[PDB]
Amino acid sequence: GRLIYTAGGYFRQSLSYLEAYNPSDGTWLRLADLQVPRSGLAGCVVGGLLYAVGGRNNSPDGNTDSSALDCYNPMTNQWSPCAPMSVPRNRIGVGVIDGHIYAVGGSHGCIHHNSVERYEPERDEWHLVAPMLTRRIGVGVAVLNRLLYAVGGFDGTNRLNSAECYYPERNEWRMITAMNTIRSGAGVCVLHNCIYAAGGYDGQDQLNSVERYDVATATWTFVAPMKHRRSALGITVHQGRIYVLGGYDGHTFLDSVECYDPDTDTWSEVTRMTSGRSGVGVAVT
Ligand SMILES: CC(=O)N1CCC[C@H]1C(=O)N[C@@H]1COC(=O)c2cccc(-c3cccc(C(=O)O)c3)c2CSC[C@H](C(=O)N(C)C)NC1=O
Ligand SMILES: [Cl-]
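Residues numbered from 1 in each chain as written, not as in the entry; some residues may be left out. Chains lettered and ligands numbered in written order. Heavy atoms only, no water.

The protein chain appears in the PDB entry as Kelch-like ECH-associated protein 1 from Homo sapiens. Per the PDB header, the title for this entry is "Keap1 compound complex".

Take a look at the structure:
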């Protein structure tokens, strides 16, 4: 029994919701709220524990970028603060290699990070690794073949279609084949040995197109687009299918949850979140 967890998000302000969807029965569980509301965060799982990394708390009073790492234990329904990152990272990308969390790019006020840092749960420590070749906020991150890919985003001047790859044993980055579409705020994940980039913002419009990167051929190929255009969507893989949760379509904050079946190349609306929101952190455990 694995659930799709959605943490935080944004609807008029940053949210503290932690909710879990069971794809087997269509139920949503209302779990313990985050101690501090956040949007632009990312979720991940290490050893059955859920992590909420970075983001920003936007309130009608003022906004605060987060360098926080918080840990949720599904067995206790309790959040526990962990060591914070070296810098606040809003609109962050996260990836897990060998039970180590990589926090990629993101923004802190006027700053757009190229810096990347790694968290070791067993030591409760963060350490900087080699920075990316490009500054990237709203960056999609995927782990494939024990390599950490940074896909698209925004370098502070332009939205990007470029993508790069990190070699943890060598501690270095290399640019890979760029996507067909410029995407900032896309949902990036790996399914069946392919990296998928769904939705995002091309600098003018929110996207519904979805493309996948094949490593053997080094080519990005378009697959069936989602029914709803969305940027700042949450994304995860569950039982061989991609799930996209919420997002922003340019006017409204989506509650729509779509599911991609790779065997039939089709998307379908599987459920709706309890309320519309963008900038959620998603993970499965
Ligand atoms: C103008 C603006 O962005 N805002 C002013 C008040 C605070 C802030 C505000 O509304 N943010 C909330 C939160 O959104 C995310 O968490 C979030 C999380 C991850 C990625 C992205 C993302 C997507 C596309 C491109 C880029 C890129 O970096 O180029 C980044 C976002 C921003 S989605 C845009 C939408 C918006 O602009 N309006 C006006 C509601 N913003 C949001 O949903
Ligand atoms: Cl924001």
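Draft legend 1. Structural context of the overall build of the protein chain. Counting secondary structure elements, the protein chain contains zero helices and 28 strands. The C-alpha atoms of the protein chain give 17 Å as radius of gyration, which agrees with the globular expectation for 285 residues (19 Å, within 12%). By the burial criterion, 55% of the 285 residues in the protein chain qualify as buried. Across the protein chain, contacts joining residues at least 24 apart in sequence account for 49% of those joining residues at least 6 apart. Summing over all exposed atoms, the protein chain offers an accessible surface of approximately 12100 Å²; the carbon and sulfur share of this is 45%. Positive and negative charge centroids in the protein chain, built from 23 and 27 side chains respectively, lie 2 Å apart. (Helix = DSSP H or I, 4+ residues; strand = E, 2+ residues; numbered from the N terminus. Rg over C-alpha atoms; globule rule 2.2 N^0.38 Å. Buried < 20%, exposed > 50% of the residue type's maximum accessible area, 1.4 Å probe, protein only. Contact = heavy atoms within 4.5 Å. Areas by Shrake-Rupley, 256 points an atom, 1.4 Å probe, with all protein chains shown as cover. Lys, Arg positive; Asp, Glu negative; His and termini not counted. Charge placed at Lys NZ, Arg CZ, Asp CG, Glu CD.)

Draft legend 2. Geometry of the nonpolar core. With 16 residues, the main nonpolar core has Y51, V53, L69, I101, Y119 and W126 as its most contacted residues. Listing elements by their share of this core, those giving two or more residues are strand 4 (42–46), strand 5 (49–53), strand 8 (69–73) and strand 11 (100–104). Element by element, the count of residues in this core is highest for strand 4, at three residues. When sequence neighbours within four positions are dropped, the list of residues in contact with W126 reads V53, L69, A83, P84, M85, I101, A103, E117, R118 and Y119. (Core = buried A, V, L, I, M, F, W, Y, C linked by side-chain atoms within 4.5 Å.)

Draft legend 3. Summary view of the sheet that holds strand 15 (residues 125–129). Pairing is antiparallel in the open sheet, where four strands are placed in the order 10-11-14-15. Looking at which strands have only one partner, the edges of the open sheet turn out to be strand 10 (93–97) and strand 15. Adjacent strand axes in the sheet meet at a mean angle of 25°, parallel and antiparallel pairs treated alike. (Pairing = 2+ DSSP bridges. Axes fitted to C-alpha atoms, helices over the stretch in contact; angles between N-to-C directions.)

Draft legend 4. Looking closely at the side chain of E117. The topology assignment puts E117 in strand 14 (residues 116–120). In terms of polar contacts, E117 uses its side chain to reach the side chain of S86, at 2.8 Å. Excluding anything up to four places from it in sequence, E117 contacts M85, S86, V87, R89, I101, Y102, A103, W126, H127, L128 and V129. (Polar contact = N/O pair within 3.5 Å; in protein donor to acceptor, adjacent residues only side chain to side chain.)

Draft legend 5. Quick look at the side chain of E258. Note that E258 resides in strand 26 (residues 253–261). At 3.2 Å, the side chain of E258 and the backbone nitrogen of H228 are in polar contact. Beyond its immediate stretch of four places on either side in the chain, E258 contacts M226, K227, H228, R230, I242, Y243, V244, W267, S268, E269 and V270.

Draft legend 6. Focus on the site of ligand 1. In the vicinity of ligand 1 there are 17 residues, among which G40, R159, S184, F253 and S278 approach most closely. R159 is positioned with one of its side-chain polar atoms (N or O) 2.8 Å from an oxygen atom of ligand 1. Contact between ligand 1 and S184: an oxygen atom at 2.9 Å from a side-chain N or O atom of the residue. Protein chains shield 72% of the accessible area of ligand 1, which is 750 Å² for the free molecule. When grouped by side-chain class, the residues that make up the shell around ligand 1 number seven nonpolar, eight polar and two charged. (Near = heavy atom within 4 Å. Nonpolar A, V, L, I, M, F, W, Y, C, P; charged D, E, K, R; others polar.)

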